[PDB]
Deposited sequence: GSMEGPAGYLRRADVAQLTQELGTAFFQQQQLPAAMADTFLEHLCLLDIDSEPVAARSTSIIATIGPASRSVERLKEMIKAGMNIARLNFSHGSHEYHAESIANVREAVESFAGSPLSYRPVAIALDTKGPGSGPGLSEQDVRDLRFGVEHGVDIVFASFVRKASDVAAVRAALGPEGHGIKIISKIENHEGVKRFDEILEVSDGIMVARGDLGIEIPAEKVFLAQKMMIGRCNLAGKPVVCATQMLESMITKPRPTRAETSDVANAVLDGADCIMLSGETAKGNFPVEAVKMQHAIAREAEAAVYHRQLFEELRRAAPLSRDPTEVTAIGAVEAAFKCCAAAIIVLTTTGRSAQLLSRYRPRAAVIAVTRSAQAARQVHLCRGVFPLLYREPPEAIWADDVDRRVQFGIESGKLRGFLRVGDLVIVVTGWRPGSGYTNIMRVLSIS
């Protein structure tokens, strides 16, 4: 069996509670997290965190997405920072245990329409192969259309995360979310544009709506602010990070903490440590029930397979859900149901591998073996690659159950199969 020790870890006594109040009462500081940290960390790369050596430490500490703030620096300065990130990421390619994709995100300076500087910076993003754009001061759907148009003929695959920073963005949230790939709760400007005491309402509302829509949401700004000068955060800062994860944020961010502060690596380590504790404290019993009840009926096989796979994973306490994905969409649809099981996404797309860091609980594995002549063999090889990577990384052991999600034919858009495999 699994043993009594298994059921005492990862807040499992609080997970089995019949009410949210009982769940809180059962949270235990001695119940150690076991699962891999699922909330991605976005770290802003600037003066304090640009060197290849420092970037290697940031990657080891847990950085998944490197943010470049185009309100500062120049194209040349940010191109060097991007090259340093890619050099630091590729320095781990000689070890499957440490190699991890890192997304590159361009955060625009901001705005009548798109500013001339934003057009040029978005063009720089396309030319430098950025994965994500954090679009500043998105106030309406037409702002997203303008950013999308500026990403032009080569950059349509770039994810647009709309930053909600003012009253209009909050009021027109639904129309903005509908055309965006995701949202950033940009609390710095939001806290100056609307009363500071109302920011938590906008944050909780936007995270809730993104969770309902199945689109990534980032919580940003001043999460560990005091760590710009101090080696340890305040009690409010650790609480803020934990509560952003409990609210439902897919990603958490560091700005000045990593861009210009004295402890960039420590700030990343702190977000990693808190997120892991907070993820185990999520009350999945209610969350899954509510996500299922609110999500409409669907005839899309990927969506149908995803909910079946997440339900199967909860039934057996599956160590992982291994999914084959070319665009990341099948992994994103699993992530929207918030499984406790890690979603190991095996993909040949380096871009999709970097971009799926936007979805909570997705662990991308970039697959580079040449395609097998028999498609069923190529699928089996990728599933075994996910399993062997999971064993090497500590997600899986022999005797564990894993859920495996695939499609009936090659190419994106055909996911329709869920299998239950015993790890051998």
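Unmodelled regions (deposited sequence positions with no C-alpha coordinates, counted from 1) are 1 to 20, 132 to 134.
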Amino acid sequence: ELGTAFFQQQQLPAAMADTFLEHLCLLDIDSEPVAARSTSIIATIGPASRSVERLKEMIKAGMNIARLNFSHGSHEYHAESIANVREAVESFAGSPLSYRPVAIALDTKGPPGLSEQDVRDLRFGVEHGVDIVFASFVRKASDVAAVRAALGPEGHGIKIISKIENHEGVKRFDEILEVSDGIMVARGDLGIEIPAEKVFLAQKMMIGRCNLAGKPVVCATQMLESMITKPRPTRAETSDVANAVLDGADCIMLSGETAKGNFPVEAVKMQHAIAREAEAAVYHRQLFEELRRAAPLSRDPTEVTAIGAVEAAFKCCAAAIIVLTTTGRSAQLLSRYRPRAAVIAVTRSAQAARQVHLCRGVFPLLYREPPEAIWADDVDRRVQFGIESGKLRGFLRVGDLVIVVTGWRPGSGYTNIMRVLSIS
From here on, numbers count along this sequence of modelled residues.
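Rigid core: the largest C-alpha set superposing within 1.5 Å between the two forms.
Across the superposed structures in 8 other deposited structures of this protein, aligned by the core, the stretch whose Cα atoms lie more distant on average is 90 to 98, chosen from 271 to 279 and 90 to 98. Averaged over CA atoms, B-factors in the entry run higher in 281 to 289 than in the other of 281 to 289 and 324 to 332. Just going by the entry, 93 to 101 versus 226 to 234 on mean CA temperature factor gives the higher value to 93 to 101.
When the C-alpha B-factors of 362, 383, 365, 34 are ranked from the entry, the top spot goes to 34.
Across 49, 64, 389, 38, the greatest Cα temperature factor reported in the deposited entry is at 49.
Residue 407: CA B factor lies in the lowest third for its chain, per the PDB record. Sort the chain's modelled residues by C-alpha temperature factor and residue 272 lands in the middle third, per the entry.
When the CA B factors of the chain's modelled residues are split into thirds, the value for residue 372 lands in the highest one. In this PDB entry, residue 134 carries a Cα temperature factor that places it within the lowest third of its chain's modelled residues. Sort the modelled residues of the chain by CA B factor and residue 157 lands in the middle third.
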